[PDB]
Amino acid sequence: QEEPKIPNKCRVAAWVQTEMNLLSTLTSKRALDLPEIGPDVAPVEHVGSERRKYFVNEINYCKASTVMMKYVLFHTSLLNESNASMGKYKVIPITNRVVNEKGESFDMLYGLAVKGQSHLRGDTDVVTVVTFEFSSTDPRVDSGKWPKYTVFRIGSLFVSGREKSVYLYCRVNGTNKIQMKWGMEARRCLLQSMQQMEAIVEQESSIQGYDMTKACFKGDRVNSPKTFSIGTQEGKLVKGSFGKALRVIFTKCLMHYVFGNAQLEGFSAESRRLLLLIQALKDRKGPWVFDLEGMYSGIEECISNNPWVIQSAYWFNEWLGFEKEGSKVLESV
Amino acid sequence: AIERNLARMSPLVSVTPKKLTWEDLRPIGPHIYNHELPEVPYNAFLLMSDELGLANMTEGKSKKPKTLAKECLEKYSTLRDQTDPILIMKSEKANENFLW
Amino acid sequence: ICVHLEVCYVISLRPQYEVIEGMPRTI
Amino acid sequence: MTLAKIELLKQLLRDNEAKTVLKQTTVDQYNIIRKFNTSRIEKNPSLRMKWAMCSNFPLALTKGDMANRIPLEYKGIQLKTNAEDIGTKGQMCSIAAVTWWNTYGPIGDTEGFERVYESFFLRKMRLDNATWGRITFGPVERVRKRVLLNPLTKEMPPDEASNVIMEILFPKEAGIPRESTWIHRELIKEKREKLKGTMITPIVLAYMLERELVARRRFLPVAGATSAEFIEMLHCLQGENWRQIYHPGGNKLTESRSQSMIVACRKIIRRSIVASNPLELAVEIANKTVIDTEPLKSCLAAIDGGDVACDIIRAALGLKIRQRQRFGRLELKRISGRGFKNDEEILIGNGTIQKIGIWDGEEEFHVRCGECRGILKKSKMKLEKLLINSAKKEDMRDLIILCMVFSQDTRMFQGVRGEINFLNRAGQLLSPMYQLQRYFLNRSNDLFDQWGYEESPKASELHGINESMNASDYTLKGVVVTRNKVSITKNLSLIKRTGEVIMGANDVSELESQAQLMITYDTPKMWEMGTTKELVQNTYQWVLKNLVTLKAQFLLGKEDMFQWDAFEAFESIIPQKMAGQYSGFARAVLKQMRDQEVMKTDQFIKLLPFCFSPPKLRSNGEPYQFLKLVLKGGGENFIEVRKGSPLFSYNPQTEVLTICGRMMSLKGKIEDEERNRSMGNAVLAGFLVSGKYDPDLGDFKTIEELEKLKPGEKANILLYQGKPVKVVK
Amino acid sequence: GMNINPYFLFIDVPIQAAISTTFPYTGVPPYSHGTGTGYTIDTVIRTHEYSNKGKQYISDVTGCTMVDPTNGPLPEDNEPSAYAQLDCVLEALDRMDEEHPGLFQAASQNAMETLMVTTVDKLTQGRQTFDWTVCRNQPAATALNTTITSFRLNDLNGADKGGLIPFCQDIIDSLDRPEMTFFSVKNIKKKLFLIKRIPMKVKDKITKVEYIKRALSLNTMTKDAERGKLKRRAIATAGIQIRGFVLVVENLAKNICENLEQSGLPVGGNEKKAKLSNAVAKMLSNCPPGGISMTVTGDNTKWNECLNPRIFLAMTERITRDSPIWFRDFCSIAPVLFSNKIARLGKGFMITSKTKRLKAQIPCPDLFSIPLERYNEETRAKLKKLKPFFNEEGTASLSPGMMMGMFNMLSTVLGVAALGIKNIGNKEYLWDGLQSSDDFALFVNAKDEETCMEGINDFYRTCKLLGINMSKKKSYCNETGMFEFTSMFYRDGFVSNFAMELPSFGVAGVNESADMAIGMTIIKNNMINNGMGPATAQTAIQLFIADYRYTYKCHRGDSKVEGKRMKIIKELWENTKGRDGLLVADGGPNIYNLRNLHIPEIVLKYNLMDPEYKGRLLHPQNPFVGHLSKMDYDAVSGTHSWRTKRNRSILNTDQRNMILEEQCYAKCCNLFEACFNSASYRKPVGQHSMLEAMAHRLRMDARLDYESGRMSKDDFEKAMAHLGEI
RNA sequence: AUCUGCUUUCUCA
RNA sequence: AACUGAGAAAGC
RNA sequence: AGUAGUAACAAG
Ligand SMILES: *O[C@H]1[C@@H](O)[C@H](n2cnc3c(N)ncnc32)O[C@@H]1COP(=O)(O)OP(=O)(O)OP(=O)(O)OC[C@H]1O[C@@H](n2c[n+](C)c3c(=O)[nH]c(N)nc32)[C@H](O)[C@@H]1O
Ligand SMILES: Nc1nc2c(ncn2[C@@H]2O[C@H](COP(=O)(O)CP(=O)(O)OP(=O)(O)O)[C@@H](O)[C@H]2O)c(=O)[nH]1
Ligand SMILES: [Mg+2]
Ligand SMILES: [Mg+2]
């Protein structure tokens, strides 16, 4: 009986922070293909549509939305090919539909995929997908980021007078039917991102007596725009707009899907147990612990090689340091 | 019975309550700061921020993914016709020849 | 019960009397 | 097809395995073999559907001519599988086959769909013939209540509905003719005649009938509208922060209108009593109150019923008072009497002590039930007399039972011997009297057993009756059978021209119940009729918005800043007993903050609303002292003077005020010196800070000890966990 | 270079208000792979190590190694302990009875009445039951039917009485049979290379002790799609013999729980939220003035491992004190069966040669047939620790613990009884809690924090006395006002956690119309009671329609998507004049919004459909919906209410004999339903044979047809002849 | 005054 | 080789 | 190889 391969213990990789920063940034293209919705009649429906305008205009023009749509479409096509061609090697192009501010529609080809034998009788049975994806990033910049990828240099492109090298990242990845199905359903990452923020808007409305979506996003004559603690720049807390926070939460949910496995589930559960204690501390509830090191070990056993979990631990430590500073501010009372 | 057994129960059986202070909240997972460990590699199914999508303006007519990819490669004929593998990086157990 | 059923049967293609006794409740 | 079925049975018995299955298996065990399944069913239907849709022929056809109409291939698209494997295999088709049928297939009859799904068509009709008001953004307190999901015209218990369905659809194999088969004979016959010309599957018809009859009740969060026509739109009606005014279509039962009217009148009176000149405010609100889609005045005029609150509002509005009451199936009219309700630890027959509502004093009611009438005279927990008229036996029994329960006779309470639940599975308080009524309606034998029997009247007209509903030689004790303008005071007291109060605001039931219909208040101050949490949040939001002006007036003015409409509305949720003490305590604390340099803005906001009622100081002229100011409604509705509260918490670090779950910011209205300022000067009325925890003084002194201190006497006060201080008078 | 830190959202929004962000339920739930034997052996070892200090003996009935931690030495440390004290449990039950006078008597009366009116059909309400005749997992109905047939072979006809009591009497009598003969299923292996396994049903016979072990055997497997846990766990399924009495025990415990103010069961959803909110409000209002109230959010570690079926037997006897002796014995059976429960270790372990590229499956009976050095370190240690309790036939003796945990209600009763003490030694603290099966939320009111912690420590020790092990790692305490109970996060009120119901937002995968209705209703209910605002509700509608169109390939008719269904959809779009009435499945537009989420799609579009399309869609005889049988009834549902056969194909396995038996039963049931149309709606009762009922029904129908003139005289003669020969 | 038939999915335990 | 209990939803 | 993670798939 062969020893099980334990997930490796890896350190924080700076590329996860870069992924979070770039996926939250506003691009110029729309990938969401949200279908029509029946005409509004009730004032509740009109309020919902008005709020959706802001929320989607924030999320829709973000790189995370394009990545999510690419994942959804590719997993749909991959499941279709796997069931249609179980005993054939199929080329499944990595494709997406994008729309810019001008309404122009573009077909985006991010690469090709080879769908090997896919006699996926079981739900967890694995089909190997060989992905040849175009990119502009030079792997040598962050070699530690690309030990799984064979990268060639196939040409160049001119987004403008500038010249950008093009590389072909080749990786023999794999996936099962469950992963394909949940990829076809990655659109839910929108809802969890919207609801959390939408609730906040609703809260503000109850404090102001009127719909506060425009005030929260842009700020009206009576209310300044909502600003959230979005991140850090040179060790100083930075403030982002409401839409930036919405995009950050949407990116967090998209990464939950992309890097979601047992490690992330366990880390989420245990770190939530710890987050509740931190909140009790912030509320001056005088929380008492019984075995804190045991809870910490439960949290830490889930941090092995999931990039999102490792970066979440790093962000948790940073946020905990900031909360400790805030408590230091609170002590003088 | 309960009071009797509690009296004769070992004192070592305690819930060990401890008032929580911010100092007790050490950073979680210190090993991730260990530079002796490898950086967590990129293991996502597809490239998220490094993705390069070749763009092809459409005409409101989605024929097929195969034809879409063919047209997009035809627009960027320089990349399609590249038959010279300029290997930049290689995975240890991969076969750059077979991959190309 | 046996005597009652015997009397009912003695009392009894198209029989004049259908029997409701000597059968389960549901039937 | 009896002959064909017999031939099929013989054919099946020709098979030994089927023969033994039929012979050995009993009728009860059929239900087991009906579920026989050798291969376990898969457990990821979503994945299975996504997998099958990406295949050729996932759908299964039904053998017949209609399946033959589907072409094998349509424009190169193979709709259905080839038929070269007919032998004991089956047939399959693609979703493209379904689309082809919808495009070019035969045009069938839709009458069956209209009949079966008439419930959903009525739902659509209610939605379409409905009007929408305006969406209001503000706090909404939703209570989890067991409400009916969909409207019904005849709701019956599930077993009764099942028997009715069996009679309608399966008259032959229906079993024993039960009480339901008789009391619903008309409906059963009507449905049978209506369903006579139908070829729809009997099981589908049965489910249609149960949807039409069986009532689906679920626990849902509701806010002022529990009628099923509103529950079906609950998702759009309101949330935790917004409320959509909705007017459903279709006809509404007058019972819901009466219940909503009672709730509206009770809310109006509760909000008006604290107001100066309560009559004027009550009239003003009632003139702008709409029950679902009709004004409150019209509902009061057109409803021959209500309660004390409805009568008070009618008198205020000019309508005559209808001194009528409803106690379930029993309808009563107060001929004369007077009684003040109290909570009594009544001992029930099965050894249960309950805080039941007990009335006192002589009271006479013209009572009626079904088609029977009578006169009930009662006193505190006793039925003095009950003169009933001749009517049907069942109606007379119902009237007698309901009058016994209404009189709250001690024998009636002692007559409970069985399972009676006065608390729902969710811990919510069920009405004790109605539960007793429900128990005694069915298990009525013990009530008459314990009531006692005396000699039947021998008078000229009075003849008594017994449990058989006949003029027996012995009558029920206190029961006999016979064959034979107001003015309203400023304080909402109904007085006869003689000078006697007949009803008052204090006589209005304090119960706060959700309205059956949606009560709207077409006034700018429509939030003043909300629940405790809504009122608290709105009042504190008003304080925050006007915090600058309130604080400026407080520093400059002396007494004119304590009187506001918002605080008047907030007073309606402070109990009258503690309102004056709270006002005195809060005013003293605010004045002590102002006179000294200690001004905790959070404490000023917290205590300001309570400084509305006239102060009621202690006998020595010093204000009362409180740790928590308890507000009306719910155990968690209170304000902590020192600690945070579920309704009011302050975070100095972020200067964030969490009120009823909503976070406002005091950043901008604050002084940086306030954080360093001590909380000990804004906790006890007439107390300032002198130093830290002094061991010599002793242990922390409680409110009772603190109130008894002398001037200049130091003591230990624990502001909250981990924060002790030393205070002086 | 600003770096985005999502946790900084918590600097503004409190954790509970943003708790939904802490649930990664948009990702794939973890799935177990391969064998579950490792986890089963782990749970066996954990149970026995938590009960090892107890009394170890050998069962004279089965020969298995039994461990009894009850009444054992009190634990001297904080490790999971199964050494429950009978005196302490009985004292807790007496305290609860004093708190609730007559509660036990009423619960016992209700359970006994339900048992007296309960039928054997109640045993068909299970997903997968350990069928002892085939020693596998079979659907509960299949296992029950096979058990009944085997009992018939053994002259055990109590099931024929129609009640659960006689069938359970047969169950306990079968243990006394010297040998049990039953219908098993074997398979012939044909080499074609491929080893095709053709199964056939034969007759087998086993001894008394083997049958006893099988009846007491629990079949173990691995749970799939579990969320929130790093490591996979094992689950177990019982047989009919155990479930029969577990039903009654669970019903009694449920009757008890429904009348306990500190129980989170059987209430759920909004009812549970109301109960918990009321309890929290009461405990907040009952805080002594100036005192400190502290809430402990606590989880119990190794709940099933440490719970002892002997303690549950004691609880059953204490509860059913006033019941007739027959009911007391009936309720005692289930804890007795679970105290002698045997665990089937599963599929065994796979041993592989990497250089030779070979793998083989060593089954549990052959687990020790190879040197332990050929297993990995963890498996080697697990097998070494399992050996004393290992049974040569390939099972493990698991007398302690509640591996299956089928006593959720009874365990809740035990936890509440633990909560009922409320004080020890008249100290200055009072605790009252909320108790689900194992999760709990304690509330201790005292004069200061020190006394609150004293009370919490006393509660911990008392739970240890009752066999309950509060998890110090996962449990924490704060001031009353914030806590968590059964993943419900209370912060001055239960906040809305929108992520938990997120996984159900997708296409339910039943059929097009059913999935449409399910998605719309899920959106509606999440709006009602999960904090989903109108904007998020409309976005959810959009996303559901997108997923629906990409699942059923029913994109908008005017869209440019291409597919086998899409060509006909476009043809329908061109043909249709009232395009707004076309269903989404037929490429029609989506007219759903918030106001009409509660109206079915066809009803919503009924007045917008074209008459031609409406008639084609709502054809009473459309072939895509299963009909009942021309004489076939009219299927009212539309063409989209179709069914995809749930094809349970197994590679290299042609279950023709099993399918034949299933189809024989199906034919008999179909004929019976044709004779008795009410069978589908109302369950047909009767102790007589199905053939007798069908014959009498057909005779009456034929006589009525003859008298009424429906049937000809010659046809009536034919019917009478056929019935006579029947 | 609302309390006094099963199957499947999701969540929780 | 997808268990137990509870809740909601859908279908028969 | 890879997916994945305490044990599996990489067809039978
Ligand atoms: O829905 C609640 C309440 O609004 C509703 N109700 C009450 N009255 C009516 C009328 N007249 N029409 C329609 N609906 C009505 O029934 C529920 C009662 O809740 P609650 O408000 O708590 O009732 P209350 O607190 O008043 O006590 P309750 O015993 O239920 O009596 C309600 C009603 O009956 C009168 N009443 C009862 N009893 C036993 C009385 C008595 O002994 N003596 C006198 N004088 N009156 C008695 C109550 O006073 C109310 O009139
Ligand atoms: N029969 C089942 N019971 C379950 C299941 N999930 C939870 N539970 C019950 O709830 C209890 C909680 O188990 P958890 O899944 O939380 C196990 P966890 O590792 O978190 O706790 P410990 O390892 O016992 O400390 C468990 O003991 C069972 O009694 C399940 O899938 N099946
Ligand atoms: Mg847990
Ligand atoms: Mg818990």
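Note that the protein sequences, when read in sequence, are chains A, B, C, D and E.
In terms of the deposited numbering, the first sequence is residues 388 to 720.
In terms of the deposited numbering, the second sequence is residues 238 to 337.
In terms of the deposited numbering, the third sequence is residues 38 to 49, 73 to 87.
In terms of the deposited numbering, the fourth sequence is residues 1 to 484, 496 to 740.
In terms of the deposited numbering, the fifth sequence is residues 0 to 191, 199 to 635, 653 to 749.
All residues carry an ideal CB built from backbone N, CA and C; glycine is no exception.
Chain A residues whose Cβ lies nearer than 9 Å to that of residue i
i	result
D:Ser55	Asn470 and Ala471
Residue i (DSSP reduced to helix, strand or coil)
i	result
E:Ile187	strand
residue 197 of chain B	Within the shown structure, residues of chain B are numbered from 238 to 337, placing residue 197 of chain B beyond reach of any answer.
D:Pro295	strand
A:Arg439	helix
D:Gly374	strand
D:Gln428	coil
C-alpha distance - residue i paired with residue j, whole-angstrom precision
i	j	result
E:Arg386	E:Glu379	7 Å
D:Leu300	D:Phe230	22 Å
B:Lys301	E:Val513	25 Å
A:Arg574	A:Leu663	28 Å
residue 826 of chain E	A:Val443	Here chain E has residues from 0 to 749 only, and residue 826 of chain E is not among them.
D:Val479	D:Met540	44 Å
Neighbouring residues, chain C, relative to residue i (Cβ below 7 Å)
i	result
E:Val708	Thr86
Neighbouring residues, chain A, relative to residue i (Cβ below 8 Å)
i	result
D:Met675	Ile594
D:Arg686	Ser719 and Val720
9 Å Cβ cut-off: residues of chain E touching residue i
i	result
C:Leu73	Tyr729, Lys736, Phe739, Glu740 and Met743
Interface residues of chain E facing residue i [CB-CB closer than 7 Å]
i	result
A:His643	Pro23, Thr25 and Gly26
Along the segment 128-146 of chain D, where does the CB come closer than 7 Å to a CB of chain A? Name the residues.
Interface annotation for the segment 128-146 of chain D against chain A: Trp132, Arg134, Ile135, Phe137, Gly138 and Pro139, criterion Cβ-Cβ distance under 7 Å.
If the cut-off is 8 Å on Cβ atoms, which residues from the segment 76-99 of chain E count as contacting chain B, listed in chain order?
Within the segment 76-99 of chain E, the qualifying residues are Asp76, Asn77, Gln84, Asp86, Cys87, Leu89, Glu90 and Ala91.
Chain-ordered residues, beta carbon under 5 Å from a heavy atom of ligand 4:
Ordered along the chain, the selected set is E:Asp305 and E:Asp445.
Which of the residues in the segment 710-729 of chain E, read from start to end, lie with their CB under 9 Å from any CB of chain C?
Residues of the segment 710-729 of chain E that bring their beta carbon within less than 9 Å of a beta carbon in chain C comprise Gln710, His711, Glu715, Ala716, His719, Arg720, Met723, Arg726 and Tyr729, in sequence order.
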